[PDB]
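Chemist: need a 3D model of the sequence below.
(chains A, B and C, ligands or ions: 6)
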Amino acid sequence: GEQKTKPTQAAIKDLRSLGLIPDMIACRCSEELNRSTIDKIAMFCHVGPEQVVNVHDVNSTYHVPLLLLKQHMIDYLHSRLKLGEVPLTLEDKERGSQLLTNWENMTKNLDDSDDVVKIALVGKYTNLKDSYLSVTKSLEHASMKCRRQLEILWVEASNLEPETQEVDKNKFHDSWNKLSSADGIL
Amino acid sequence: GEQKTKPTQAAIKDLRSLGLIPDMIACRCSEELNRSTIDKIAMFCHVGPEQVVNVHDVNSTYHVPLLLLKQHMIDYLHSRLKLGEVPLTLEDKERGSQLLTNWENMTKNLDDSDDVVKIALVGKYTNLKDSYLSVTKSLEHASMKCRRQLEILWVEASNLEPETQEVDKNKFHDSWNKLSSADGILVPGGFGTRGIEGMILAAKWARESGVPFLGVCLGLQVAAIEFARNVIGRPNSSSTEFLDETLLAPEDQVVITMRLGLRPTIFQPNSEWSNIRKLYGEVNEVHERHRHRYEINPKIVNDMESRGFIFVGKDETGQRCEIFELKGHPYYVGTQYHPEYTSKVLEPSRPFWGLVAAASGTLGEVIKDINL
Amino acid sequence: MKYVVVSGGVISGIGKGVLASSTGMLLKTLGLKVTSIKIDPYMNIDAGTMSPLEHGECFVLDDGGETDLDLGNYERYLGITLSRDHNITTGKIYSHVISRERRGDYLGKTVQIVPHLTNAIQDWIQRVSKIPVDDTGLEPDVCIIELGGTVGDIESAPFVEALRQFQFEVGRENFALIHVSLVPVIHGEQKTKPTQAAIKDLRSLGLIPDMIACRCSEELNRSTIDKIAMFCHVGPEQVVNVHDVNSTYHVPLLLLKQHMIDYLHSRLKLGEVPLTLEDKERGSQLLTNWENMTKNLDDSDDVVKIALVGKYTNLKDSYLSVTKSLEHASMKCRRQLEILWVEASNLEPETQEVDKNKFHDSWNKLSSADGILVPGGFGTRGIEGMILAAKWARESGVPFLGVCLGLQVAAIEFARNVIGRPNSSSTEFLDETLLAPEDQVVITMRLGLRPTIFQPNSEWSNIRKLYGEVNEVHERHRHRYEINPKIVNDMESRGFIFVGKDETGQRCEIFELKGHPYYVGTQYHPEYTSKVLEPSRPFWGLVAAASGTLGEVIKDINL
Ligand SMILES: Nc1ccn([C@@H]2O[C@H](COP(=O)(O)OP(=O)(O)OP(=O)(O)O)[C@@H](O)[C@H]2O)c(=O)n1
Ligand SMILES: Nc1ccn([C@@H]2O[C@H](COP(=O)(O)OP(=O)(O)OP(=O)(O)O)[C@@H](O)[C@H]2O)c(=O)n1
Ligand SMILES: Nc1ccn([C@@H]2O[C@H](COP(=O)(O)OP(=O)(O)OP(=O)(O)O)[C@@H](O)[C@H]2O)c(=O)n1
Ligand SMILES: Nc1ccn([C@@H]2O[C@H](COP(=O)(O)OP(=O)(O)OP(=O)(O)O)[C@@H](O)[C@H]2O)c(=O)n1
Ligand SMILES: [Mg+2]
Ligand SMILES: [Mg+2]
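Modeler: Numbers count the residues shown, from 1 in each chain, chains lettered A, B, ... in the order given. Ligands and ions are numbered 1, 2, ... in the order given. You can find the structure just below:
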């Protein structure tokens, strides 16, 4: 039950040693960081406590930018890199603030989309989901644009082959069950 | 929370009035009858309290005889009808006490059989389960003989038809899900024609996906229609039972005005390899109960006989086709008689014992239990 | 005059008493001066001989008439006061006409049970329905008769004949029959043949039914109603269903959704009865009080836990009036009720030698309670548990009401644990010891509605605030044994102040303990006088103190 900031303080020592100086301290804790945990990380690293961002899990990874925006990270980076001195047109700036509202809209659509769509992804090595990371992510974009919540049905394709019935019937039924249950097939 | 014996006491009054006198008072309470409930029923009816049998629910209806046997009902009926005065041989009596041990054995086997077998029953009107009571009961006999516990998957056949996807996708998925989950498949001798395309798709699935299959009556006939459309390659081939006044040439059936009752089925000569003939003990003739107006058009048989759909059994004239088994599949059978009706609780109907054995695995071990 | 007879049943446990107590309530919303009669087929003269173990509590009327439970259900639903004549019994009417024989009044004829005894029933119902029952001496407009037993019995037999003659000796259109009936469900199918085998017997015994009030487990199917309306001669609109709903105070409003006032207004021509606006507007206002209190039950969530501490708690009907008074007090506070059944003998330390689980569960339930009730027990064998709960309620500050025996164990507790006499005793129990510290004395019975006068200094007493500060209280009594009045001057000095006494001054009837949030004894029974829209003031006090906001209830009373 205690937050342990000594692995972090033993990588701030090495960072200063290898010679870069840190600006943010972006913790991957299992929790919200305690106000006393941030205060001690800001005592052992030289960052101010406003800069000790927490990057904890939220309902999908498309929310993560908006957590960092609640945690002042644009207001800090605008200061710490003097981004007001970069030349921008209104065609830059208004595309910027419009893209923010597209991200606020698509994350709001994810927050109350309920109507499921089941897509069967049919192939080898489905236990290695990262072997298909771009396939998965493209279905997530397509999902949020349709405003239907996604379930992907992992069909390990070799199990659909009738010879599987000679080896394990459970695999033959589960795979054809997942395929038959799917609203669409890939 | 109180047991109410006044509906009973208001049917004992009417019984005495209409003039019969009762012996037993067989209550259908939701519970065990209280000792005070029995004592009052034995005060208002004139039976002694030992005779007020309770017939409450137990783990399957095949246990009910053994509840009545715990409740002294043979010892009472042996006295009250003087059954010791009836003449019996040892061939009667020892068959009697042996049949009791077969019932004690099959109920003990039901009490600790756990390994499930899922059979898809594919047809119209599955919400009216009593429309198939004999089909269900024959699978229960076949189940208990295999020592696998039964689940039957009700597939309302019209939901398998692709047009259902235009009406409700949930029905299209649930029905194909139940069919895909099944360890074995049954086309259960339906009535009318309006679900037939779903019964054809389940027969396509059962042939190509290797799943164990039994077609009863209409089930043999959709299997011939499936095989014609999907292996012989005539996609316009049709149930003459349905698509009649079109007058098309690829007729899988013909009317031959009724045919009913127990009839003789003779096995065709080469049939030795057929699993269905192993299940009938390899005996040359089978006596089973029929219903059909429409039968397979016998002018297609020489094609099916060439393509591995071999008509294992025929009518005594040779002209009518009554059993087929498909070559090179674990168990895929049509029977145009009804095998349901002849099943007994200690003698499951051989095609249904075949299906529940193939779906359980150990179809070979059942073929030894029969032929030894 | 008009009559509605509630009757019937394939089985006697079917629950006619709600349909009676709820039909009469619906007719009172038309503003009619409704009354009710119970028929009980048992041979008891009156309930005083039969112990609370044997089919529930021993009720009390203004007369002192110890009576059937079912009188109480009409009193509390209808706001009426009844008399011991409103309970017709096989005991009473046969004792009446057989005593009348030795008096000679049939002029030495035969006193056959046909003609003469069924004539005494028809006379008794016509006497009784003209006795006044509301706050003014006006005679009733409509009488609800609840026919106990079933139609088709041998204990029912003179009543069903008497009521066949009474269908004519009072004209049709001044009489209506409601037949309660059983429609079993088996294998998923509604079975209307028990009902059709009690409509045959009803027609045979000679009454004709108007309603067919089924106690099915379900909503009746439209096809089930259509067949009951084919075999009984009622139209399908009249086949009322009386299925379970979130509390029994909703049942009148289900019958009102099922047209039952619109039917009874037609079938008894109730538009021809003379009513004032003071009748009619009281009628339609009382309907809105019932719609309001049922709406308050539908979304009250904040629980209040009351410990009911006594013997025989497995026989909950031994306390039916106690339970029902807490339900009225609950709905008036707008807190949802849980009652904690504390089987009092389990609180006694010797229980720890027999079963520790009982000793912990009972003290756990008592410790969990937001308020505590000693509910006027009977016999003596649980008394030490009721004393320990009174010690707990005094020292731990928890809200407390002692009813009857409850006031008496509170005096025994206070004597043993504050005055310091550990040998002080219930003279109701420990009699032939002849000890000097007697907390009680026998004074041979005292029954019925009696006058309680408040003692002079009483102004500060929360119980006197709950009675509206009125100088006299009229409430129903039962007690052989009363507090020994020679201890009172000690208790009066120690802060246990006797707020109320009998008109002679010599008998003690209420106390309140100084310096506790709410700790009351009442030696009368406050249960019986509670109505569904007027909860009994000591019980409204308890459920208010346990809910918090006892002060806000004292404004709702005194404004
Ligand atoms: N760089 C540091 C940090 C701490 N301490 C000492 O080590 C003790 C134990 O370390 P801990 O209290 O656990 O400090 P944290 O940095 O919080 O370690 P963790 O985050 O794992 O709890 C502290 O009381 C302190 O006296 C030290 O010597 N050097
Ligand atoms: N044939 C009968 C049976 C009972 N009674 C009387 O009817 C009363 C109520 O019937 P009940 O006590 O309910 O008897 P049961 O037959 O048990 O009815 P149920 O089974 O429905 O409880 C009984 O106390 C008894 O005096 C009667 O008159 N005739
Ligand atoms: N308005 C009502 C009427 C009845 N009851 C409950 O009903 C009980 C007893 O059943 P009742 O309906 O009075 O009838 P029975 O006792 O079944 O008797 P009978 O059918 O012979 O009239 C008690 O537990 C009481 O709590 C209630 O809570 N509220
Ligand atoms: N008074 C009656 C009612 C019905 N029947 C016959 O009895 C058969 C079986 O009765 P049932 O169909 O069960 O009628 P119900 O009155 O509904 O019986 P239950 O309510 O128990 O279902 C009916 O088909 C009908 O032909 C009869 O002879 N006499
Ligand atoms: Mg009874
Ligand atoms: Mg009752």
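Chemist: contact partners of the top helix by length along chain A?
Modeler: Across chain A, the helix with the greatest residue count (assigned by DSSP state H) is helix A:90-112. When contacts are defined by Cβ atoms under 8 Å, 6 or more residues apart in numbering or on different chains, helix A:90-112 is touched by residues A:59-60, A:62-63, A:65-66, A:88, A:144-145, A:147. Yep, even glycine has a C-beta here, placed from its N, CA and C like the rest.
Chemist: now do stretch A:134-152
Modeler: Outside stretch A:134-152, the residues within contact range by Cβ under 8 Å, 6+ apart are A:60, A:62, A:106, A:109-110, A:113-121, A:129, A:186.
Chemist: can you tell me if stretch A:16-34 touches ligand 1.
Modeler: No. Stretch A:16-34 does not reach ligand 1 (Cβ under 6 Å from any ligand atom); its nearest approach is 11.2 Å.
Chemist: and that stretch, what's buried?
Modeler: Within stretch A:16-34, the residues that qualify as buried by neighbour count (16 or more other Cβ atoms under 10 Å in any protein chain shown) are A:24-25, A:27, A:33.
Chemist: ok, so of the residues you listed, who is nearest ligand 3?
Modeler: Taking Cβ to the nearest ligand atom as the measure, ligand 3 lies nearest residue A:33 of these, at 56.9 Å.
Chemist: is the closest one in a helix, a strand, or coil?
Modeler: Three-state call for residue A:33 (DSSP: H, G, I helix; E, B strand; the rest coil): coil.
Chemist: ramachandran angles for it?
Modeler: Here is the backbone geometry of residue A:33 (degrees, to the nearest 10): phi -60, psi 130.
Chemist: wait, doesn't it sit right on residue A:52?
Modeler: Yes. Residue A:33 is in contact with residue A:52 according to Cβ atoms under 8 Å; the separation is 6.8 Å.
Chemist: common neighbours of the two, please.
Modeler: Common neighbours of residue A:33 and residue A:52 (criterion: Cβ under 8 Å, 6+ apart): A:27, A:41.
Chemist: quick one: the helices in chain A?
Modeler: The residue ranges that make up the helices of chain A, judged by DSSP H, are A:6-18, A:35-44, A:64-70, A:73-80, A:90-112, A:133-146, A:169-181.
Chemist: find the centremost residue of chain A, please.
Modeler: Centroid-nearest residue in chain A, with Cα atoms, centre = their mean: residue A:61, separated by 2.4 Å.
Chemist: quick check: angle from the longest helix of chain A to helix A:133-146?
Modeler: Between helix A:90-112 and helix A:133-146, the angle comes out at 90 degrees (axes from the mean of the first three to the mean of the last three Cα atoms, to 10 degrees).
Chemist: what angle do helix A:90-112 and helix A:73-80 make?
Modeler: Using the same axes, to 10 degrees: helix A:90-112 against helix A:73-80 is 150 degrees.
Chemist: pull the CA atoms of helix A:90-112 into PDB?
Modeler: Extracted in PDB, the C-alpha atoms of helix A:90-112 (Å, rounded to 0.1, in the frame of the first residue of the first chain):
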ATOM      1  CA  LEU A  90      -4.000  31.600 -38.400                       C
ATOM      2  CA  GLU A  91      -4.200  28.700 -40.900                       C
ATOM      3  CA  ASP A  92      -1.700  27.000 -38.500                       C
ATOM      4  CA  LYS A  93      -3.400  28.100 -35.200                       C
ATOM      5  CA  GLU A  94      -7.000  27.600 -36.100                       C
ATOM      6  CA  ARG A  95      -6.200  24.100 -37.500                       C
ATOM      7  CA  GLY A  96      -4.500  23.500 -34.200                       C
ATOM      8  CA  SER A  97      -7.500  24.500 -32.000                       C
ATOM      9  CA  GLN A  98      -9.900  22.700 -34.400                       C
ATOM     10  CA  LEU A  99      -7.900  19.500 -34.200                       C
ATOM     11  CA  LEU A 100      -8.200  19.800 -30.400                       C
ATOM     12  CA  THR A 101     -12.000  19.900 -30.700                       C
ATOM     13  CA  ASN A 102     -11.900  16.800 -33.000                       C
ATOM     14  CA  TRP A 103      -9.900  15.000 -30.200                       C
ATOM     15  CA  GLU A 104     -12.300  16.300 -27.500                       C
ATOM     16  CA  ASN A 105     -15.300  15.200 -29.700                       C
ATOM     17  CA  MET A 106     -13.900  11.700 -30.500                       C
ATOM     18  CA  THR A 107     -13.000  11.000 -26.800                       C
ATOM     19  CA  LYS A 108     -16.500  12.200 -25.700                       C
ATOM     20  CA  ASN A 109     -17.900   9.800 -28.400                       C
ATOM     21  CA  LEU A 110     -15.800   7.000 -26.900                       C
ATOM     22  CA  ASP A 111     -17.100   7.900 -23.300                       C
ATOM     23  CA  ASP A 112     -20.800   7.100 -24.200                       C
END
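Chemist: okay, buried residues for that helix please.
Modeler: Judged by neighbour count (16+ other Cβ under 10 Å), helix A:90-112 contains these buried residues: A:106-107, A:110.
Chemist: out of those residues, which is nearest to chain B?
Modeler: When the buried residues of helix A:90-112 are compared for distance to chain B (Cβ to the nearest Cβ), residue A:110 wins out at 23.4 Å.
Chemist: of all of chain A, which residue lies closest to ligand 3?
Modeler: Counting by Cβ to the nearest ligand atom, chain A gets nearest to ligand 3 through residue A:114 (42.5 Å).
Chemist: could you find the closest non-adjacent residue to that residue?
Modeler: Sequence neighbours aside, residue A:149 is the residue nearest to residue A:114 in space, at 6.1 Å (criterion: Cβ to Cβ, 6 or more residues apart in numbering or on different chains).
Chemist: bridge partners for the one you found, pull those for me.
Modeler: Beta-bridge pairing of residue A:149 under DSSP bridges involves residue A:116.
Chemist: residues near it, how many?
Modeler: Neighbour count for residue A:149, taken as other Cβ atoms under 10 Å in any protein chain shown: 14.
Chemist: so what's the residue lying closest to residue A:33 once chain neighbours are set aside up against?
Modeler: Spatial nearest neighbour of residue A:33, excluding adjacent residues (Cβ to Cβ, 6+ apart): residue A:54 at 4.8 Å. By Cβ under 8 Å, 6+ apart, the contact set of residue A:54 is A:26-27, A:29, A:32-33, A:71.
Chemist: give me that answer again for 10 Å
Modeler: With contact taken as Cβ atoms under 10 Å, 6 or more residues apart in numbering or on different chains, residue A:54 is in contact with A:25-29, A:31-33, A:37-38, A:67-68, A:71.
Chemist: same check on residue A:119?
Modeler: When contacts are counted by Cβ under 10 Å, 6+ apart, residue A:119 is found next to A:135-136, A:139, A:142-143, A:150-153, A:182-186.
Chemist: now do residue A:74
Modeler: A:65, A:68, A:83, A:100.
Chemist: returning to that earlier point: now flag whichever of the buried residues of helix A:90-112 is closest to ligand 4.
Modeler: For ligand 4, the closest of these turns out to be residue A:110, at 54.4 Å, with distances computed as Cβ to the nearest ligand atom.
Chemist: for the closest one, give its distance to ligand 2.
Modeler: Relative to ligand 2, residue A:110 is positioned 61 Å away (criterion: Cβ to the nearest ligand atom, to the nearest Å).
Chemist: what residues does chain A have near ligand 1?
Modeler: For chain A, the residues in contact with ligand 1 (Cβ under 6 Å from any ligand atom) are A:4-6, A:9.
Chemist: give me the buried subset of the residues you listed.
Modeler: Among the residues of chain A next to ligand 1, the ones that count as buried by 16+ other Cβ under 10 Å are residue A:5.
Chemist: from the residues of chain A next to ligand 1, which two are the most distant?
Modeler: A:4 and A:9 (9.8 Å; Cβ to Cβ).
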